[PDB]
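First residue of the sequence shown: 23, per the working numbering; consecutive thereafter. Reviewing the structure listed below.
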Amino acid sequence: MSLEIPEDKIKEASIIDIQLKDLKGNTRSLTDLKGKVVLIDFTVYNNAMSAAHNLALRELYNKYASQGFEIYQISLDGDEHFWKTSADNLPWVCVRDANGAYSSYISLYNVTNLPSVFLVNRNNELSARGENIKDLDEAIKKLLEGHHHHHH
C-alpha cells in the first residue's frame, strides 16, 4: 500500500510493507495480505534448498491456512524460468524481488544471511525473525490464538 511510520508502543515502523508483484503481475504488499497471518519467505526459486524449505512451508500451510494463514514468498533468485514454472502450481503468494539477494528489504532488516523467513500476524504485525522463531508452528498458532480474547 504505502510506507508510513506508525507508533504508539514497542517500536515505530515495526512493520515493513513489502510491495512486490506476484507471478501474475499483481503487486502484493503486506498491507494487502493483512486478511491472514503472513509468512514472510525469502528464498531462491532455483536452489535445491528451496524444495525442502518449501515442504516445511507446505506443512505449516496445511496446518493453519484454513484458520486465516497465508505464505508470502519472495523469490530472490532472479530467474523467472524456475520461479514461473514452480510458482504457477503453488498454493500461496509467490512474488519476486527487484534485486534478490541485494534486496533493499534485506538491507532494511539487516538480515544479511539468506535464505530466511520472518513472521507476521493478522494485523500485519512483524512477529519476529525466522532466526528467532524456532517454533513457527506454535508461532503461527499463537498469532491466530489472539481470537481467544488476547494476542495469544
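C-beta atoms are modelled at their ideal positions from N, C-alpha and C, and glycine is treated no differently.
What is the C-beta distance between residue i and residue j, in whole angstroms, given that I count them as a contact (C-beta under 8 Å)?
i, j, result
"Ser51", "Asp39", "5 Å"
"residue 175", "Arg118", "In the structure as shown, the chain begins at 23 and stops at 174. Residue 175 is therefore absent and cannot be evaluated."
Please go through the same chain and pick out, in chain order, the residues whose beta-carbon is closer than 8 Å to the beta-carbon of residue i, but skip the five residues on each side of it.
i, result
"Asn145", "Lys56"
"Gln89", "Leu166"
"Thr49", "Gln41, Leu42 and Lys43"
Take residue i as the anchor and find which of the options has the nearest alpha-carbon.
i, options, result
"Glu92", "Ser126, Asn135 and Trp114", "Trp114"
"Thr107", "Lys46, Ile37 and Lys164", "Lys46"
"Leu158", "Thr65, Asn68 and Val60", "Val60"
"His75", "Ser129, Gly152 and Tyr131", "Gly152"
"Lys163", "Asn84, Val133, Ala109 and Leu130", "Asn84"
"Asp101", "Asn111, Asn121 and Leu112", "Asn121"
"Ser24", "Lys156, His171, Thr53 and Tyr86", "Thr53"
So, at 7 Å on beta carbons, what are the nonlocal neighbours of residue i in its own chain, with the 5 sequence-adjacent residues on each side left out?
i, result
"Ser125", "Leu98 and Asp119"
"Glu81", "none"
"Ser149", "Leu141, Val142, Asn143, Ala161 and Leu165"
"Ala109", "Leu45, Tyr67 and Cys116"
Can you tell me whether residue i is helix, strand or coil according to DSSP?
i, result
"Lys58", "coil"
"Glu153", "coil"
"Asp159", "helix"
"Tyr86", "helix"
"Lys43", "strand"
"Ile96", "strand"
"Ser138", "strand"
"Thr53", "coil"
"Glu147", "strand"
Count the other CB atoms, across all protein chains shown, that sit within 10 Å of the CB of residue i; report buried if there are 16 or more and exposed otherwise.
i, result
"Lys58", "buried"
"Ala123", "exposed"
"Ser72", "buried"
"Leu79", "buried"
"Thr65", "buried"
"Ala70", "exposed"
"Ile128", "buried"
Considering only residues of the same chain and omitting the five flanking positions on each side of residue i, which have a CB-CB separation below 6 Å?
i, result
"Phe104", "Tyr67 and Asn68"
"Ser36", "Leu148"
"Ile27", "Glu34 and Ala35"
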